[PDB]
Amino acid sequence: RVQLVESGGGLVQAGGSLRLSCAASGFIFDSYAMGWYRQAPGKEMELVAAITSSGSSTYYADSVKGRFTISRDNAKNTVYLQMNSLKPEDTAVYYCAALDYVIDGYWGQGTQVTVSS
Amino acid sequence: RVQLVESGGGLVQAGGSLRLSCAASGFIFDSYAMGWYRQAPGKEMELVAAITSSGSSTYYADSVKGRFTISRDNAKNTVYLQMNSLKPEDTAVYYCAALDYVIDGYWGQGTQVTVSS
Amino acid sequence: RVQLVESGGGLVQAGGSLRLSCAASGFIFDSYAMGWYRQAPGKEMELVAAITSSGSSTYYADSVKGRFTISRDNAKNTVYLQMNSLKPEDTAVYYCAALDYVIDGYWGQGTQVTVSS
Amino acid sequence: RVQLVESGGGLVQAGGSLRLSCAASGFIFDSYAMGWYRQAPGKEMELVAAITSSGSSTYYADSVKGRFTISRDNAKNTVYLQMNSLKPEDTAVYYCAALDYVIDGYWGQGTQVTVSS
Amino acid sequence: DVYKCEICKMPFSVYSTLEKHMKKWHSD
Amino acid sequence: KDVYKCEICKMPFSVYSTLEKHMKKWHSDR
Amino acid sequence: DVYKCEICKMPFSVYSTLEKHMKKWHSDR
Amino acid sequence: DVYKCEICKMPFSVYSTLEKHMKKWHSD
Ligand SMILES: [Mg+2]
Ligand SMILES: [Mg+2]
Ligand SMILES: [Mg+2]
Ligand SMILES: [Mg+2]
Ligand SMILES: [Zn+2]
Ligand SMILES: [Zn+2]
Ligand SMILES: [Zn+2]
Ligand SMILES: [Zn+2]
């Protein structure tokens with residue numbers, strides 16, 4: 001029912017920027033809060049940022065506040081994560097998801113992000 | 001990783017003003033001259049204005065000299081095009097790109113500018 | 001020795017948008033948090049939004065959350081307030097100032113905002 | 001006839017920004033190109049930036065282009081100089097003048113700019 | 001090392017409540 | 001329903017606001 | 001219709017030179 | 001080291017002309 005296509009990852013140097021995008025389909029996008037999660041190998045998955053269904057409220061992990069910005073476009077069914085001032089600690093595969101269904105265990109492919117020291 | 005998000009276009013009256021922005025990520029923005037280009041439907045992609053890596057030099061097409069001003073903020077990874085005294089001949093989709101890689105033809109979404117009357 | 005040039009106000013219909021700007025001089029802009037305040041005739045002044053010197057944190061009055069966005073451009077010594085989904089309750093004169101010196105009572109001219117029902 | 005009042009200068013660290021302003025009166029402001037000049041003791045005066053009467057075109061000394069931005073408000077009779085990434089070589093008294101009368105040797109008081117390294 | 005919402009993994013603090021979190025970030 | 005506010009910048013204070021936190025986050029010269 | 005830089009499409013005039021154009025406007029080329 | 005407009009002190013280059021300069025910078 002749900003399909004999430006992430007892109008925009010890559011390799012940058014400490015201090016660079018990346019814009020992640022997620023194109024969503026198969027559910028009523030405007031009805032759900034969306035989140036960006038990151039999964040590094042061997043580490044706990046972390047919810048990086050989240051945005052309510054309307055965009056009116058946002059959540060950020062403390063370590064990315066002021067550097068990451070989450071947004072959404074309900075006309076285009078898209079979620080964005082603008083990552084500025086990247087740091088090595090940000091290296092991970094990034095996945096986007098409707099909050100309500102994170103527990104269901106179905107994920108897109110994610111998009112790899114590597115920040116060279 | 002060249003992600004180029006252009007915004008700020010719209011419908012405007014002849015004689016009016018508009019400011020376009022392009023947010024750049026995924027490459028070392030400070031190292032590259034940037035250009036604003038435009039393509040009207042049925043016409044060729046043409047360079048409108050360009051600015052060196054540091055902003056130490058600018059270029060303007062003859063038809064926009066004295067009406068457009070290009071600038072950049074290397075801290076925000078952003079390029080701006082202020083457009084005053086707009087004319088119907090300025091109607092087109094506007095794109096921003098690094099000069100070095102224009103030949104490879106990977107363009108952003110661009111931003112529509114429509115000047116009526 | 002402080003000067004605050006505010007603009008962007010106007011008359012707009014409910015649901016519309018405006019973008020206020022304040023260009024500041026006479027102090028080291030990037031050292032100070034900045035606030036947008038509004039003053040309506042015969043009411044208590046309200047801090048509408050504020051942004052730390054580093055741009056890293058923002059504050060919003062409950063009634064404007066999700067509708068207003070404050071930002072700063074240190075390369076232009078300027079603070080911006082993007083106001084979407086404007087309501088009649090947003091009608092007032094808007095003033096920008098450094099948080100540290102609001103108690104000293106030196107204000108710019110402000111910019112008038114009127115939202116029609 | 002011509003009165004020019006400069007302000008905004010001060011002490012600033014290298015890399016920092018300062019925004020200079022000038023209030024003009026006593027002549028038909030929107031009829032004259034304006035410019036910012038700087039004079040360090042025992043050195044040659046230098047024209048740092050100029051803007052045409054309507055604001056359509058600018059001039060910048062090679063050594064400030066991309067760091068300094070001159071602008072004007074013909075409704076408010078004011079001129080502004082935004083100075084980014086300041087260097088010790090920028091230390092001087094700054095003056096604003098109508099280009100036509102630079103040779104006639106009336107100057108405002110100027111405003112001192114000192115850039116520590 | 002804190003407890004997190006078991007649906008979306010947003011971290012909880014001493015001020016979090018299930019009801020407020022569910023209302024803000026999940027659908028009834 | 002009017003609340004106490006920082007007397008320097010008028011930002012509203014809640015039950016969890018502290019002088020130290022507020023000064024640290026929002027003020028520079030004070 | 002004039003000759004332009006084959007990389008960035010900037011028009012060349014009688015005063016343009018490849019060396020000056022490349023030095024001012026290009027980084028990786 | 002280079003010649004400058006004797007009115008406003010703007011430096012001239014090999015492409016500068018008195019007429020162009022006057023019309024752009026000293027005219028209404
Ligand atoms: Mg909130
Ligand atoms: Mg590259
Ligand atoms: Mg502005
Ligand atoms: Mg915060
Ligand atoms: Zn949850
Ligand atoms: Zn305060
Ligand atoms: Zn080229
Ligand atoms: Zn001259």
# chains A, B, ... in the order shown; residues from 1 in each chain; ligands from 1
call {"tool": "calpha_fit_and_write", "arguments": {"fixed": "chain A", "moving": "chain B", "output": "short mmCIF file (atom, residue, chain, number, x, y, z; two decimals) with N, CA and C atoms, in the first residue's frame"}}
result
data_model
loop_
_atom_site.label_atom_id
_atom_site.label_comp_id
_atom_site.auth_asym_id
_atom_site.auth_seq_id
_atom_site.Cartn_x
_atom_site.Cartn_y
_atom_site.Cartn_z
N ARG B 1 -0.67 0.52 1.02
CA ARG B 1 0.25 0.84 -0.10
C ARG B 1 1.16 2.00 0.30
N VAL B 2 2.28 1.70 0.97
CA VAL B 2 3.24 2.75 1.42
C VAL B 2 4.53 2.61 0.61
N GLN B 3 4.68 3.43 -0.44
CA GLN B 3 5.86 3.40 -1.28
C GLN B 3 6.59 4.71 -0.98
N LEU B 4 7.86 4.60 -0.62
CA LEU B 4 8.64 5.70 -0.07
C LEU B 4 10.01 5.67 -0.75
N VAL B 5 10.23 6.61 -1.65
CA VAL B 5 11.45 6.62 -2.45
C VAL B 5 12.28 7.79 -1.99
N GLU B 6 13.40 7.49 -1.35
CA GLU B 6 14.31 8.49 -0.82
C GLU B 6 15.49 8.66 -1.77
N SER B 7 15.98 9.89 -1.87
CA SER B 7 17.08 10.22 -2.77
C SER B 7 17.82 11.44 -2.22
N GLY B 8 18.96 11.72 -2.84
CA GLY B 8 19.70 12.93 -2.55
C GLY B 8 20.93 12.74 -1.71
N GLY B 9 21.21 11.53 -1.25
CA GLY B 9 22.40 11.28 -0.47
C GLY B 9 23.63 11.28 -1.36
N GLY B 10 24.78 11.15 -0.71
CA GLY B 10 26.03 11.11 -1.43
C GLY B 10 27.19 11.32 -0.48
N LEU B 11 28.36 11.50 -1.09
CA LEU B 11 29.59 11.80 -0.37
C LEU B 11 29.75 13.31 -0.30
N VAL B 12 30.05 13.83 0.89
CA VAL B 12 30.17 15.27 1.07
C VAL B 12 31.25 15.53 2.11
N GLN B 13 31.84 16.72 2.04
CA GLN B 13 32.90 17.09 2.95
C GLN B 13 32.32 17.66 4.24
N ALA B 14 33.05 17.48 5.34
CA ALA B 14 32.62 18.04 6.62
C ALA B 14 32.45 19.55 6.50
N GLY B 15 31.37 20.06 7.10
CA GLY B 15 30.95 21.43 6.91
C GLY B 15 30.00 21.65 5.75
N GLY B 16 29.92 20.71 4.81
CA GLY B 16 29.12 20.87 3.61
C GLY B 16 27.62 20.68 3.84
N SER B 17 26.89 20.69 2.72
CA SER B 17 25.43 20.67 2.69
C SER B 17 24.92 19.58 1.77
N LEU B 18 23.71 19.11 2.05
CA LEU B 18 23.03 18.12 1.22
C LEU B 18 21.54 18.26 1.48
N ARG B 19 20.72 18.04 0.44
CA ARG B 19 19.27 18.02 0.60
C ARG B 19 18.72 16.66 0.20
N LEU B 20 18.03 16.00 1.14
CA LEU B 20 17.39 14.71 0.88
C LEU B 20 15.93 14.93 0.54
N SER B 21 15.41 14.09 -0.35
CA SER B 21 14.01 14.10 -0.73
C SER B 21 13.41 12.71 -0.54
N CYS B 22 12.14 12.68 -0.17
CA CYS B 22 11.37 11.45 -0.15
C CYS B 22 10.05 11.71 -0.84
N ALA B 23 9.80 10.96 -1.92
CA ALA B 23 8.52 10.95 -2.61
C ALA B 23 7.67 9.81 -2.07
N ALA B 24 6.45 10.13 -1.67
CA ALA B 24 5.56 9.20 -1.01
C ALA B 24 4.38 8.91 -1.92
N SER B 25 3.98 7.64 -2.01
CA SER B 25 2.72 7.37 -2.68
C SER B 25 2.05 6.16 -2.06
N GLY B 26 0.77 6.02 -2.40
CA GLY B 26 -0.01 4.88 -2.02
C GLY B 26 -0.75 5.04 -0.71
N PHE B 27 -0.73 6.22 -0.11
CA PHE B 27 -1.50 6.48 1.10
C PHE B 27 -1.83 7.97 1.11
N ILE B 28 -2.73 8.35 2.01
CA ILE B 28 -3.19 9.73 2.02
C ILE B 28 -2.13 10.57 2.72
N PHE B 29 -1.17 11.05 1.93
CA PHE B 29 0.02 11.72 2.45
C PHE B 29 -0.34 12.85 3.40
N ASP B 30 -1.33 13.67 3.02
CA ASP B 30 -1.74 14.84 3.79
C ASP B 30 -2.16 14.51 5.21
N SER B 31 -2.49 13.25 5.49
CA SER B 31 -3.05 12.89 6.79
C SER B 31 -2.01 12.48 7.81
N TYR B 32 -0.73 12.39 7.44
CA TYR B 32 0.24 11.74 8.31
C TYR B 32 1.46 12.60 8.57
N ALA B 33 1.85 12.68 9.84
CA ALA B 33 3.16 13.22 10.17
C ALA B 33 4.23 12.32 9.60
N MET B 34 5.29 12.93 9.07
CA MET B 34 6.41 12.16 8.52
C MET B 34 7.69 12.40 9.31
N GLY B 35 8.54 11.40 9.36
CA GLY B 35 9.86 11.54 9.97
C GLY B 35 10.96 11.06 9.08
N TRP B 36 12.10 11.77 9.15
CA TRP B 36 13.39 11.31 8.67
C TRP B 36 14.14 10.64 9.82
N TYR B 37 14.57 9.40 9.58
CA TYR B 37 15.30 8.53 10.48
C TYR B 37 16.66 8.21 9.87
N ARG B 38 17.61 7.77 10.70
CA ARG B 38 18.89 7.32 10.15
C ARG B 38 19.41 6.14 10.96
N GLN B 39 20.18 5.30 10.28
CA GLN B 39 20.85 4.18 10.92
C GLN B 39 22.27 4.11 10.38
N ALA B 40 23.25 4.27 11.26
CA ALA B 40 24.61 3.94 10.90
C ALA B 40 24.81 2.43 11.04
N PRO B 41 25.76 1.85 10.30
CA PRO B 41 25.97 0.40 10.43
C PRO B 41 26.45 0.06 11.84
N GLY B 42 25.84 -0.97 12.42
CA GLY B 42 26.13 -1.33 13.79
C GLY B 42 25.40 -0.52 14.85
N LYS B 43 24.64 0.50 14.47
CA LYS B 43 23.96 1.35 15.43
C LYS B 43 22.45 1.22 15.26
N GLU B 44 21.71 1.94 16.10
CA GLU B 44 20.26 1.83 16.15
C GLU B 44 19.60 2.84 15.21
N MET B 45 18.46 2.46 14.66
CA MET B 45 17.62 3.42 13.92
C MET B 45 17.14 4.55 14.86
N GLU B 46 17.44 5.80 14.52
CA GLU B 46 17.07 6.92 15.37
C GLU B 46 16.31 7.98 14.58
N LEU B 47 15.29 8.56 15.21
CA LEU B 47 14.54 9.64 14.59
C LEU B 47 15.37 10.92 14.53
N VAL B 48 15.51 11.47 13.32
CA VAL B 48 16.31 12.67 13.11
C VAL B 48 15.46 13.93 13.11
N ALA B 49 14.34 13.90 12.39
CA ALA B 49 13.50 15.09 12.29
C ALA B 49 12.10 14.65 11.90
N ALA B 50 11.10 15.40 12.36
CA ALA B 50 9.71 15.05 12.06
C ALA B 50 8.89 16.30 11.79
N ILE B 51 7.81 16.14 11.03
CA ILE B 51 6.95 17.25 10.65
C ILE B 51 5.51 16.77 10.61
N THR B 52 4.61 17.56 11.21
CA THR B 52 3.21 17.18 11.29
C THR B 52 2.56 17.19 9.91
N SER B 53 1.34 16.66 9.87
CA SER B 53 0.61 16.50 8.61
C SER B 53 0.56 17.78 7.81
N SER B 54 0.36 18.91 8.50
CA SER B 54 0.21 20.21 7.86
C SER B 54 1.49 21.01 7.83
N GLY B 55 2.58 20.51 8.42
CA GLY B 55 3.74 21.33 8.64
C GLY B 55 3.61 22.32 9.78
N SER B 56 2.56 22.23 10.59
CA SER B 56 2.37 23.20 11.66
C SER B 56 3.32 22.98 12.85
N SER B 57 4.02 21.84 12.92
CA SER B 57 5.04 21.65 13.94
C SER B 57 6.17 20.81 13.37
N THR B 58 7.38 21.02 13.89
CA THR B 58 8.55 20.23 13.55
C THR B 58 9.21 19.70 14.82
N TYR B 59 10.03 18.67 14.65
CA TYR B 59 10.86 18.11 15.72
C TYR B 59 12.25 17.87 15.16
N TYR B 60 13.27 18.14 15.98
CA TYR B 60 14.66 17.89 15.60
C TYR B 60 15.38 17.20 16.75
N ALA B 61 16.15 16.18 16.42
CA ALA B 61 17.04 15.59 17.41
C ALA B 61 18.03 16.64 17.88
N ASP B 62 18.46 16.52 19.14
CA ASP B 62 19.31 17.55 19.72
C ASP B 62 20.60 17.74 18.93
N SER B 63 21.15 16.65 18.39
CA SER B 63 22.42 16.71 17.68
C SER B 63 22.33 17.39 16.31
N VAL B 64 21.13 17.61 15.77
CA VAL B 64 21.00 18.26 14.47
C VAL B 64 20.29 19.60 14.56
N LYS B 65 19.78 19.98 15.72
CA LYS B 65 19.11 21.26 15.87
C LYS B 65 20.03 22.38 15.39
N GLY B 66 19.49 23.26 14.54
CA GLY B 66 20.25 24.37 14.00
C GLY B 66 21.07 24.03 12.78
N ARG B 67 21.12 22.77 12.39
CA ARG B 67 21.80 22.33 11.18
C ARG B 67 20.87 21.72 10.15
N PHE B 68 19.84 20.98 10.57
CA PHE B 68 18.90 20.35 9.66
C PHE B 68 17.58 21.12 9.66
N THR B 69 16.92 21.12 8.51
CA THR B 69 15.58 21.71 8.36
C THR B 69 14.71 20.72 7.61
N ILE B 70 13.61 20.32 8.23
CA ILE B 70 12.66 19.42 7.60
C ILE B 70 11.50 20.24 7.06
N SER B 71 11.01 19.87 5.88
CA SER B 71 9.82 20.50 5.33
C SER B 71 9.08 19.47 4.49
N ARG B 72 7.88 19.84 4.06
CA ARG B 72 7.09 18.96 3.22
C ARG B 72 6.29 19.79 2.22
N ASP B 73 6.00 19.19 1.07
CA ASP B 73 5.10 19.75 0.07
C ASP B 73 3.97 18.74 -0.11
N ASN B 74 2.80 19.05 0.46
CA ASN B 74 1.68 18.13 0.35
C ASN B 74 1.14 18.03 -1.08
N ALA B 75 1.44 19.01 -1.94
CA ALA B 75 0.99 18.93 -3.33
C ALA B 75 1.81 17.94 -4.14
N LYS B 76 3.10 17.80 -3.82
CA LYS B 76 3.98 16.84 -4.49
C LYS B 76 4.10 15.52 -3.73
N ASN B 77 3.47 15.40 -2.56
CA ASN B 77 3.67 14.25 -1.66
C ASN B 77 5.15 14.06 -1.35
N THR B 78 5.82 15.14 -0.96
CA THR B 78 7.26 15.05 -0.77
C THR B 78 7.68 15.60 0.59
N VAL B 79 8.70 14.97 1.18
CA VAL B 79 9.34 15.44 2.41
C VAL B 79 10.79 15.77 2.09
N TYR B 80 11.29 16.88 2.62
CA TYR B 80 12.66 17.31 2.40
C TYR B 80 13.40 17.43 3.72
N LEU B 81 14.69 17.12 3.67
CA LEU B 81 15.62 17.33 4.79
C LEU B 81 16.84 18.08 4.25
N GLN B 82 16.91 19.38 4.53
CA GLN B 82 18.10 20.15 4.23
C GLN B 82 19.09 19.97 5.37
N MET B 83 20.33 19.64 5.03
CA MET B 83 21.35 19.33 6.01
C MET B 83 22.56 20.20 5.76
N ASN B 84 22.81 21.13 6.67
CA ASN B 84 23.94 22.03 6.57
C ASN B 84 24.96 21.70 7.66
N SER B 85 26.18 22.21 7.49
CA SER B 85 27.26 21.99 8.45
C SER B 85 27.36 20.52 8.84
N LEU B 86 27.43 19.65 7.84
CA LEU B 86 27.46 18.22 8.10
C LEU B 86 28.74 17.82 8.83
N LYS B 87 28.60 16.84 9.72
CA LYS B 87 29.69 16.32 10.54
C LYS B 87 29.85 14.83 10.29
N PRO B 88 31.02 14.26 10.59
CA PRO B 88 31.19 12.81 10.40
C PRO B 88 30.17 11.98 11.15
N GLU B 89 29.71 12.46 12.31
CA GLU B 89 28.67 11.77 13.07
C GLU B 89 27.35 11.66 12.31
N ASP B 90 27.19 12.36 11.18
CA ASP B 90 25.95 12.30 10.42
C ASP B 90 25.95 11.20 9.37
N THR B 91 27.04 10.44 9.25
CA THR B 91 27.12 9.38 8.26
C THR B 91 26.16 8.26 8.64
N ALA B 92 25.33 7.83 7.69
CA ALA B 92 24.32 6.80 7.94
C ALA B 92 23.46 6.65 6.70
N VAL B 93 22.59 5.65 6.71
CA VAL B 93 21.51 5.57 5.74
C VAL B 93 20.31 6.30 6.33
N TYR B 94 19.68 7.15 5.52
CA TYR B 94 18.55 7.96 5.94
C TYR B 94 17.28 7.42 5.30
N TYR B 95 16.22 7.33 6.09
CA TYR B 95 14.94 6.77 5.67
C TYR B 95 13.83 7.75 6.02
N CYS B 96 12.76 7.72 5.26
CA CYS B 96 11.60 8.54 5.57
C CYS B 96 10.37 7.66 5.74
N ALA B 97 9.54 7.99 6.72
CA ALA B 97 8.41 7.12 7.01
C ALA B 97 7.31 7.90 7.71
N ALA B 98 6.10 7.37 7.65
CA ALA B 98 5.00 7.94 8.41
C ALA B 98 5.12 7.50 9.86
N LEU B 99 5.07 8.48 10.77
CA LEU B 99 5.24 8.23 12.20
C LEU B 99 4.35 7.09 12.69
N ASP B 100 3.07 7.14 12.30
CA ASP B 100 2.08 6.15 12.73
C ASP B 100 2.54 4.72 12.48
N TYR B 101 3.32 4.48 11.43
CA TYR B 101 3.59 3.09 11.05
C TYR B 101 5.05 2.71 11.25
N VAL B 102 5.85 3.56 11.92
CA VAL B 102 7.25 3.22 12.12
C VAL B 102 7.39 1.91 12.88
N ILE B 103 6.48 1.66 13.83
CA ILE B 103 6.53 0.46 14.66
C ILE B 103 6.45 -0.81 13.81
N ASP B 104 5.85 -0.73 12.62
CA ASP B 104 5.71 -1.94 11.82
C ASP B 104 6.95 -2.28 11.01
N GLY B 105 7.93 -1.38 10.93
CA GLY B 105 9.25 -1.73 10.44
C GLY B 105 9.38 -1.93 8.94
N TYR B 106 8.38 -1.56 8.14
CA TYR B 106 8.52 -1.58 6.69
C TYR B 106 9.24 -0.31 6.27
N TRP B 107 10.49 -0.43 5.87
CA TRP B 107 11.30 0.72 5.50
C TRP B 107 11.57 0.73 4.01
N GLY B 108 11.77 1.92 3.46
CA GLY B 108 12.20 2.05 2.09
C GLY B 108 13.65 1.64 1.93
N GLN B 109 14.17 1.90 0.73
CA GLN B 109 15.58 1.64 0.44
C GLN B 109 16.50 2.56 1.22
N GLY B 110 16.05 3.77 1.55
CA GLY B 110 16.89 4.74 2.21
C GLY B 110 17.89 5.36 1.24
N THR B 111 18.68 6.30 1.75
CA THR B 111 19.70 7.00 0.98
C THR B 111 20.96 7.15 1.82
N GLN B 112 22.10 6.79 1.24
CA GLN B 112 23.36 6.85 1.96
C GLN B 112 23.89 8.27 2.02
N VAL B 113 24.31 8.69 3.21
CA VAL B 113 24.98 9.96 3.43
C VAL B 113 26.33 9.66 4.09
N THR B 114 27.42 10.10 3.45
CA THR B 114 28.76 9.89 3.99
C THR B 114 29.48 11.23 4.09
N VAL B 115 29.86 11.59 5.31
CA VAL B 115 30.55 12.84 5.60
C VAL B 115 31.98 12.50 5.97
N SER B 116 32.94 12.95 5.17
CA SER B 116 34.32 12.60 5.40
C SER B 116 35.03 13.69 6.19
N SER B 117 36.08 13.27 6.90
CA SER B 117 36.94 14.15 7.71
C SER B 117 36.15 14.87 8.79
#
call {"tool": "residues_near_ligand", "arguments": {"ligand": "ligand 8", "cutoff": "8 Å", "atoms": "only C-alpha atoms and all ligand atoms", "output": "ChimeraX atom specification"}}
result
/D:99-100 /H:4-10,21-22,25-26
call {"tool": "calpha_fit_rmsd", "arguments": {"fixed": "chain H", "moving": "chain E"}}
result
1.2 Å
call {"tool": "select_by_dssp", "arguments": {"residues": "chain D", "states": "strand (DSSP E or B)", "output": "PyMOL selection string"}}
result
chain D and resi 3-7+11-13+18-25+34-39+46-51+58-60+65+68-73+78-83+92-98+111-116
call {"tool": "residues_near_ligand", "arguments": {"ligand": "ligand 7", "cutoff": "9 Å", "atoms": "only C-alpha atoms and all ligand atoms", "output": "list in words"}}
result
residues 99, 100 and 102 of chain B; 4, 5, 6, 7, 8, 9, 10, 11, 18, 21, 22, 25 and 26 of chain G
call {"tool": "residues_near_ligand", "arguments": {"ligand": "ligand 6", "cutoff": "7 Å", "atoms": "only C-alpha atoms and all ligand atoms", "output": "list in words"}}
result
residues 99 and 100 of chain C; 6, 7, 8, 9, 10, 11, 22, 23, 26 and 27 of chain F
call {"tool": "atom_distance", "arguments": {"atom1": "atom CA of residue F:16", "atom2": "atom CA of residue E:28"}}
result
29.2 Å
call {"tool": "select_by_dssp", "arguments": {"residues": "chain E", "states": "helix (DSSP H, G or I)", "output": "list in words"}}
result
residues 18, 19, 20, 21, 22, 23, 24 and 25 of chain E
